[PDB]
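Just below is one structure, and these are the notes that go with it.
Side chains included, hydrogens not; waters and symmetry mates left out as well; all remaining heavy atoms used. Chain naming here is simple, since letters A, B, ... match the order of the sequence lines and numbering starts at 1 in each.
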Amino acid sequence: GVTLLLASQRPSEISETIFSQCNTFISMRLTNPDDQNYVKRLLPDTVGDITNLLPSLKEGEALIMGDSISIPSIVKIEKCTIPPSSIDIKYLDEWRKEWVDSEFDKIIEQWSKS
Amino acid sequence: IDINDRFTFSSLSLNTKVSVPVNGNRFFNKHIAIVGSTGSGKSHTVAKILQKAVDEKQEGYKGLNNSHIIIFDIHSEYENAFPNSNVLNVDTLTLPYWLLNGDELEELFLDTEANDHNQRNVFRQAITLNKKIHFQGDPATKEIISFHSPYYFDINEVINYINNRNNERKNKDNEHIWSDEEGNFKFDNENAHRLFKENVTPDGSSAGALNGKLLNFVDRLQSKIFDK
Amino acid sequence: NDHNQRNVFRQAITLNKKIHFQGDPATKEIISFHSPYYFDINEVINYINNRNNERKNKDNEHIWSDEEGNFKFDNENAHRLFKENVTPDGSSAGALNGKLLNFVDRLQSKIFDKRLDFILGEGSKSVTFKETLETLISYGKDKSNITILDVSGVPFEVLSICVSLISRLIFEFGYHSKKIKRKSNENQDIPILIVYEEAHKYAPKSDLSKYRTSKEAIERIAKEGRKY
Amino acid sequence: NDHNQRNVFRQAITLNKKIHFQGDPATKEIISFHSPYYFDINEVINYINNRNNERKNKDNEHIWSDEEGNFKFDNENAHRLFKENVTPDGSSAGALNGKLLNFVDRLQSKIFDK
Amino acid sequence: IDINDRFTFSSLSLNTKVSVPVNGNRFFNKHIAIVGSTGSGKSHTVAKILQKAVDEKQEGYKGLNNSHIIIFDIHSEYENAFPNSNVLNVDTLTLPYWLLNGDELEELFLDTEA
Amino acid sequence: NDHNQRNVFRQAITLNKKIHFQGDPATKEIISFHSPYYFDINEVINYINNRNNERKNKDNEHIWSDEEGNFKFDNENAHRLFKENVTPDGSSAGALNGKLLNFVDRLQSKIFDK
DNA sequence: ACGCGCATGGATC
DNA sequence: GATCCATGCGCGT
Ligand SMILES: Nc1ncnc2c1ncn2[C@@H]1O[C@H](COP(=O)(O)OP(=O)(O)NP(=O)(O)O)[C@@H](O)[C@H]1O
Ligand SMILES: Nc1ncnc2c1ncn2[C@@H]1O[C@H](COP(=O)(O)OP(=O)(O)NP(=O)(O)O)[C@@H](O)[C@H]1O
Ligand SMILES: [Mg+2]
Ligand SMILES: [Mg+2]
């Protein structure tokens with residue numbers, strides 16, 4: 001009754017002993033060819049042509065395979081109405097404003113706490 | 001997939017009107033590995049699957065279902081996705097040191113390797129004895145208490161045990177004699193529980209088996225205890 | 001088997017960080033080995049050299065004498081080993097007696113290394129945490145959008161630690177800025193771009209030891225850096 | 001990859017470059033192991049060969065005796081180990097006693113080669 | 001495979017009504033390695049092999065045959081697969097310490113060496 | 001790869017090469033273990049065999065006896081250790097006592113091998 | 001004489 | 001490098 005959900009940023013950097021036991025596989029955009037070859041060999045040769053769409057995947061588009069799904073298919077995950085607190089930083093929009101005072105006293109006080 | 005075992009959290013990319021359900025039992029009993037580049041929606045998808053598991057309730061009630069999910073969240077992001085959840089940090093979570101079995105008691109506390117056989121022995125014998133002393137159940141369970149038993153022991157009196165045995169003094173009969181408020185006694189299995197306190201004064205003629213050979217052991221052990 | 005030098009290394013640094021702290025002494029207790037607080041590195045040598053000369057008595061406790069007088073080596077008097085003007089009184093060699101001669105001799109070689117003068121020089125005493133961080137991102141008296149790090153004709157040994165420290169210091173500045181803003185429900189307002197020109201030097205494909213400590217400094221920025 | 005052999009090599013050559021410098025003291029302090037200054041390799045071997053025979057006393061300090069009298073091995077008197085005519089005087093084995101003999105025999109194997 | 005050499009426990013995947021017997025003498029004397037991902041069915045396959053080995057009885061007698069199978073059960077599965085079997089947990093199994101052949105007697109009692 | 005056999009073999013051989021060397025003294029200090037000049041290997045046997053008879057007195061010195069007189073273990077007096085007719089005088093065992101017998105037996109085996 | 005204490009040493013991993 | 005162990009020498013009854 002104890003299973004795992006492995007969330008990792010590259011398939012070729014986690015140990016195979018944990019990774020091989022994961023029958024259910026969710027694959028998002030993978031620009032590394034070593035990763036796409038790892039997703040290639042997890043598939044049969046008949047459904048081996050869908051992984052060519054891996055580096056072209058948009059945000060929220062995933063490739064799901066395993067005994068849970070009928071066929072390995074590229075799916076669009078439902079948008080999170082209550083999302084995690086991970087918002088991308090608008091670098092151009094932040095840099096366009098003025099120089100900030102940036103409160104150095106509070107940062108290194110909290111840094112020294114940790 | 002049958003009607004009851006369907007688990008939907010996504011639709012087909014080419015056809016948004018086509019829903020893609022997976023076998024919810026087979027989705028979770030066999031482990032899930034979700035991978036992708038940075039910004040690909042991996043953390044949002046993990047939260048989305050966890051949310052669909054939480055509201056996966058059979059008809060007949062309103063309260064919480066039987067979902068039990070533990071998140072090792074290293075970016076402080078999943079608190080927002082689950083506002084009705086319990087969030088634990090190191091400053092508040094308490095995982096007791098006496099819940100370790102034999103393997104991680106040596107891994108957390110002992111940094112010596114391959115030449116520490118007397119230091120390993122006084123470590124397990126202090127812990128096993130202290131677990132037996134604080135036990136309050138039936139005596140039949142008391143004697144099966146061993147080194148890996150998840151029972152409470154005081155690591156401060158464990159240090160007191162190795163500190164006392166660091167000053168042990170044997171007599172002419174090669175037996176260790178101690179003195180405390182109760183009186184003189186001999187170090188054996190029925191009296192070694194009196195070494196967990198620091199008001200015990202050794203009495204003897206010659207140095208014991210561990211006299212002076214545990215000073216660096218206590219210093220390394222007290223460093224891990226006092227490490228914040 | 002380097003666990004007693006490793007123990008006495010952090011014990012010297014953690015203690016010296018507490019004595020050189022002049023503030024709220026509730027914070028003084030949570031100062032530890034990785035805390036970014038000032039400690040005298042020469043006083044650390046004074047601690048380890050004394051610990052090499054230590055001598056325990058019959059009771060297994062190390063005794064010392066300085067200009068003030070005789071005292072016991074415990075947590076409340078370990079700060080008096082930071083000066084050379086101490087004489088050990090005892091009947092037997094202590095726990096670390098004679099075990100730190102090559103440890104000190106190797107460690108002073110790092111301090112008097114002129115390659116490492118920007119880190120272990122006499123100028124590290126005067127600067128504080130705030131001045132170092134404003135220097136890195138040009139937040140001092142003169143302000144700049146671009147900070148250039150002139151490491152043109154510099155050896156790899158001090159190039160690698162320049163890269164690994166500053167990449168970590170900027171990352172943890174970016175990390176700790178986000179947690180400060182998350183208390184006020186705001187986002188990070190200092191986005192920092194670090195330019196690694198001719199990155200073949202410090203982050204190559206090969207897995208050598210001198211290539212190691214600068215690879216995960218850039219890997220951690222590559223992996224989880226854009227959140228902060 | 002012996003760090004005790006590495007440390008004794010640098011501390012011999014750095015010290016030997018100091019004693020043969022004839023110049024301004026401020027430049028003398030910045031002399032280190034990589035700095036391009038003259039040192040004599042025969043005295044460097046003698047320093048390492050002597051440090052194969054160190055004998056500490058009960059106060060953990062190495063004591064020797066050249067023709068001018070007994071001395072304690074410290075920063076000021078470490079240049080006296082460059083000469084061969086030093087005899088160790090102590091009770092216990094020194095800090096680098098017996099840890100540098102394979103270092104020395106290979107060191108003079110390359111010097112003596114024509 | 002000879003008619004007295006046949007030991008069938010499986011049928012072909014492409015065609016159900018054809019059995020795939022193996023050389024039973026060659027199946028068990030030459031060691032068996034069964035591998036597959038988690039939940040593939042290795043335990044059921046192992047249990048089915050040992051079940052067909054138990055009822056592999058030559059004609060002419062009643063009662064259990066000369067099979068001898070020892071299972072190292074670390075997940076407590078084969079008790080229900082073999083109801084008429086002997087189960088030995090640590091609390092009831094007694095292996096004498098004087099049965100050690102010296103080498104294990106050397107390693108059981110001394111955590112030190114050399 | 002016994003370390004302590006390696007050293008005594010070179011102090012036997014390098015010293016033996018200095019005794020039999022007939023050239024001018026200036027190249028006697030460049031004499032090493034890898035220098036191609038004559039040394040008598042039977043005297044190398046007699047050195048290592050005698051060093052296995054080392055006797056240490058109260059003041060930590062090795063004292064031998066010879067036809068010419070009695071001498072201590074000094075580098076000048078170590079040259080006369082190459083003869084088999086010496087007898088040790090002392091109180092206790094030496095530094096290399098009892099650990100070079102298998103080294104001598106291997107060396108005698110090679111030389112008396114046809 | 002023997003006992004205890006301390007120091008040196010080396011055996012390994 | 002540290003732990004462990006043994007052998008030895010010196011000072012005490
Ligand atoms: N189903 C979706 N549809 C549309 N946009 C999405 C979807 N899921 C996620 N996103 C967007 O993708 C962004 C990146 O998602 P994120 O939660 O950072 O996953 P991530 O790839 O794991 N980030 P990281 O942990 O650094 O690798 C989010 O901020 C959303 O804006
Ligand atoms: N011949 C079979 N036909 C159909 N289902 C089978 C068969 N053999 C096993 N199973 C199924 O396999 C599952 C149990 O797998 P199991 O026999 O435990 O394999 P396993 O590899 O030993 N599991 P694990 O120990 O974690 O590796 C059940 O759902 C069974 O129904
Ligand atoms: Mg994420
Ligand atoms: Mg199984």
Please list, for nucleotides 11-13 of chain H, all pairs of protein and nucleotide N/O atoms separated by less than 3.5 Å.
none

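- Between the side chain of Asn50(F) and the backbone N or O of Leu81(F) there is at least one donor-acceptor pair closer than 3.5 Å.
- Between the side chain of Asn16(C) and the backbone N or O of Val44(C), no donor-acceptor pair lies under 3.5 Å.
- Counting only Watson-Crick or G-U wobble pairs whose defining distances are both under 3.5 Å, DNA chain G contains no stem of 3 or more consecutive pairs.
- Taking 4.0 Å as the cutoff to heavy atoms of chain C, we find the contact window on DNA chain G bounded by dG5(G) to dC13(G).
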Listing, residues 215-228 of chain B side-chain donor-acceptor contacts under 3.5 Å, not counting sequence neighbours, or none:
unit_1, atom_1, unit_2, atom_2, d
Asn216(B), ND2, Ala95(C), O, 2.8
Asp219(B), OD1, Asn7(C), ND2, 3.2
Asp219(B), OD1, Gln11(C), NE2, 3.4
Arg220(B), NE, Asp111(B), OD1, 3.0
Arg220(B), NH1, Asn216(B), O, 3.0
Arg220(B), NH1, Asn4(C), OD1, 2.8
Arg220(B), NH2, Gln119(B), OE1, 3.4
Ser223(B), OG, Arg220(B), O, 3.1
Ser223(B), OG, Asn7(C), OD1, 3.3
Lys224(B), NZ, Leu108(B), O, 3.3
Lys228(B), NZ, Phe226(B), O, 3.0

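- If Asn118(B) and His3(C) are placed on DNA chain H by their nearest nucleotide, the residue sitting closer to the 5' end is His3(C).
- Pairs passing the salt bridge (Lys or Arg N to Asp or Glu O under 4.0 Å) check and including a residue from residues 81-101 of chain C, sequence neighbours excluded, read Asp66(C)-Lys83(C).
- Going from atom CG of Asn57(F) over to atom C1' of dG8(H) covers 14 Å, rounded to whole Å.
- Within a 6.0 Å sphere centred on CD of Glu104(E), other residues, nucleotides and ligands contribute more than 12 heavy atoms.
- Of the possible donor and acceptor atoms, none in the side chain of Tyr47(C) sits under 3.5 Å from a partner among the backbone N and O of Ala78(C).
- For NE2 of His148(B), the number of neighbouring non-hydrogen atoms (other residues, nucleotides, ligands) closer than 6.0 Å is 12 at most.
- We find that CG of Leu110(E) is positioned 14 Å from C1' of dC4(H), with the value rounded to whole Å.
- Aromatic ring centres of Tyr211(C) and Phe156(C) lie closer together than 6.0 Å.
- Annotation: side chain to side chain donor-acceptor pair (under 3.5 Å) contacts of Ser92(F) (sequence neighbours excluded): none.
- Atom CG of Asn85(D) has more than 12 neighbouring heavy atoms from other residues, nucleotides or ligands inside a 6.0 Å radius.
- Whole-Å rounding puts the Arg220(B) CZ to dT3(H) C1' distance at 9 Å.
- No contact: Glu113(E) has no heavy atom under 4.0 Å from any strand.
- Sorted by first then second residue, the salt bridge (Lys or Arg N to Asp or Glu O under 4.0 Å) pairs that include residues 50-61 of chain C, not counting sequence neighbours, are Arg51(C)-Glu54(C), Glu61(C)-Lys72(C).
- Straight-line distance from the CG atom of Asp219(B) to the P atom of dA2(H): 13 Å, rounded to whole Å.
- A heavy atom lying under 4.0 Å from DNA chain G marks the following residues of residues 90-103 of chain D, by number: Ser91(D), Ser92(D), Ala93(D).
- In terms of the side-chain contact (heavy atoms from CB on, under 4.5 Å) criterion, residue partners of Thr87(C) (sequence neighbours excluded) are, by chain and number, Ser65(C).
- No contact: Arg120(B) has no heavy atom under 4.0 Å from any strand.
- For the pair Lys56(C) and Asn1(C), both in contact range of DNA chain G, the more 5′-proximal nearest nucleotide belongs to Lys56(C).
- Going from atom CG of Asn60(F) over to atom P of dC9(H) covers 10 Å, rounded to whole Å.
- Scored by the side-chain contact (heavy atoms from CB on, under 4.5 Å) test, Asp103(B) finds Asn101(B) as partners (sequence neighbours excluded).
- Using a distance-only test at 3.5 Å, with no hydrogens or angles considered, no donor-acceptor pair links the side chain of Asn52(C) to the main chain of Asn97(C).
- DNA chain G lies under 4.0 Å from no heavy atom of any residue of residues 46-54 of chain C.
- Within 6.0 Å of the CG atom in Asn75(F), the count of heavy atoms belonging to other residues, nucleotides or ligands does not exceed 12.
- Listed by chain and number, the residues in a salt bridge (charged side-chain N to carboxylate O under 4.0 Å, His left out) with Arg120(B) are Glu106(B), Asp116(B) (sequence neighbours excluded).
- Position along DNA chain G of the nearest nucleotide to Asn115(B) versus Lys172(B) favours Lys172(B) as the more 5'-ward residue.
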